[PDB]
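Here's the structure we're looking at; comments come further down.
Residue numbers begin at 1 in each chain, while the letters A, B, ... track the order of the sequences. Below, each value reflects all heavy atoms present in this structure, side chains not excepted, and no hydrogens, waters or symmetry copies.
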Amino acid sequence: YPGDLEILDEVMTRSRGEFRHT
Amino acid sequence: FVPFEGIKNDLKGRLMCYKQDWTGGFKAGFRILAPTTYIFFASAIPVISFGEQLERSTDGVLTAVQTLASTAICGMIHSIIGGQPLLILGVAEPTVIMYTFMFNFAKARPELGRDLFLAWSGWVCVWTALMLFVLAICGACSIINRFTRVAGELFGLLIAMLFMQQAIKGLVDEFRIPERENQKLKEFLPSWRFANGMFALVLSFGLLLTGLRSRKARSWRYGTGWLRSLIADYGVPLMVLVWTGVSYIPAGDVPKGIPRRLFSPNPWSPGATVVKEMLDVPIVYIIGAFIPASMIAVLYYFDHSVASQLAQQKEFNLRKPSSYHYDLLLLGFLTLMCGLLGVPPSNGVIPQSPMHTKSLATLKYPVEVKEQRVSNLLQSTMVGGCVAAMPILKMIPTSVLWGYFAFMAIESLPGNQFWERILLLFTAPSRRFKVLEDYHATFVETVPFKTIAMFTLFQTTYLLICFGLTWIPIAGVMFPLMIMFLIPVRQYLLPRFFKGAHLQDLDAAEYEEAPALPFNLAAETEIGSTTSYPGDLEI
């Protein structure tokens, strides 16, 4: 299963670190 | 807006968790070093790049020594007595631009010259500190909820444009003779200059492409988990090291300065407070320093607050309170100190602060953040120690740093909804179903395309006007005012032209996303109602 940083990599924008709401 | 009320509440809240803020960091053991090293590398490389930019722009008065020293001292002080330790401080590009404007102004006036630039900058910093004190005391941080997306993303794209412009300027300059160098060296013959320029292109593009690729390592299917995480976390410094090593390959057969390496001097070499020179500045210019001081104060009031907000997103499930007012007050004090010491001021930086919070997070299978002061203190101390290691850092070719500038510009884009809307504006009308076939912003489905187009055209015109303003020799220092005016514009003018829910969708506080739709569902939509069928060669 994916690690914490692997998961957080997908839900946070790279430009500004904003959480994505889907 | 009761004076001192916000500061008092912040201090009362943060004084109840100080000792825990330290012991929790101590209780983490040696595992606190991984986030510390990650954030240290995220902080150091851009600050060195900005130091080189200043070295070029101030004729050597300010270099990477000063930017690193400012970052380190401000970070250490903020870690010890700051309100929100998750916030990372550093010298940023808007500060570099403002200082470049100030140096250009000072160099052209006989009364100031290059010998009083740092004294006049000290006065500018004094004015800025006073303005930030007033803003913090009067509770101006209560209205930071009005710093909406329209301003933040426009500012981000403007900084991205400036980054790319700097990369281009540096790469162009690699082909020329530097201003303050012995022009008779073999390094500067036309043949060797052409060779240096082409080698710089190779190195910068290698750095950029490899660094961009490394960012997605955690989603690869090769290697081990720890190796993938290592690449994803330290790709940038690793690629900087790799391309430095590459640059040393032809060292045996080329002149000394091929390729060109960092221009910042070594502080250890015998050749090497501005208060004494501050009293030598004429009174007229002491008063006139109020003009750039207000713009710098506006910049810091915006950026510090936004960085802290990003670091404190509610999805992090943080348990300790915020300190916006007190942190603005401390930033004022730090700006005063930096001005008195002859270094540019530091402020909260993006995306370093949210990335710090993320690096401190774990999922309890549900985000839990280890909030303490040790990580910030240690990373600031390491940034300070980079000053002693300047001889090692002087081995980095400048082209690698120009590539890093391009990297920062391109990395400004991925989560920027303004950039997404520009790309959508350039999309062929019959190919928008392709936009609906992947993850996309919700306004793409909930807002008519005409409204999106008008909103984007207005924003793009504003951005281009600001970028052009930065090119005007003297008035360019007013661009933070252009940024600030977007707040009242959004609050009062936009509602007249745009309708309610559409403005809310296009300027949402949270990042709203929708999953990919099936083709049969991407065709019923208004935006995807003009689906042209593919050709034979497309099949």
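Identified by a heavy-atom distance below 4.5 Å to chain A, the contributing residues of residues 219-236 of chain B are B:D233, in residue-number order. At a heavy-atom separation below 4.5 angstrom, chain A is approached by B:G152 within residues 151-160 of chain B.
Checked against a 6.0 Å centroid threshold, the rings of A:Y1 and B:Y365 do not count as neighbours.
At distances below 3.5 Å, not a single donor-acceptor pair connects side-chain atoms of B:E411 with backbone N or O atoms of A:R14.
Within the model, atoms CZ of A:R16 and CG of B:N416 stand 7.5 Å from one another, a figure rounded to the nearest 0.5 Å. Between the OH atom in B:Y511 and the CE atom in A:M12 there is a gap of 13.5 Å [rounded to 0.5 Å]. In this structure, B:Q417 CD and A:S15 OG are separated by 9.5 Å, a value rounded to the nearest 0.5 Å.
The parts of B:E512 that come within reach of chain A are both its backbone and its side chain, each placing non-hydrogen atoms under 4.5 angstrom from that chain.
A:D9 and B:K358 are joined by a salt bridge, as a carboxylate oxygen and a charged side-chain nitrogen come within less than 4.0 angstrom of each other. Look at B:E513 and A:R20 and you find a salt bridge, because one of the NZ, NE, NH1 or NH2 atoms lies within 4.0 Å of a carboxylate O, short of that distance. Classification of B:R149 and A:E18 as a salt-bridged pair holds, one side-chain N sitting under 4.0 Å from a carboxylate O.
For chain B, the option among A:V11, A:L5, A:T13 with the highest count of heavy-atom pairs below 4.5 Å is A:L5. Chosen from B:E510, B:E315, B:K314, the residue pairing most often with chain A at heavy-atom distances under 4.5 Å is B:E315.
The salt bridge (charged side-chain N to carboxylate O under 4.0 Å, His left out) check on A:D4 picks up nothing, with sequence neighbours excluded. Legend: residues meeting ring pair (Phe, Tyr, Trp, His ring centres under 6.0 Å) with B:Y301, ordered by chain and number and at least two apart, are B:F147.
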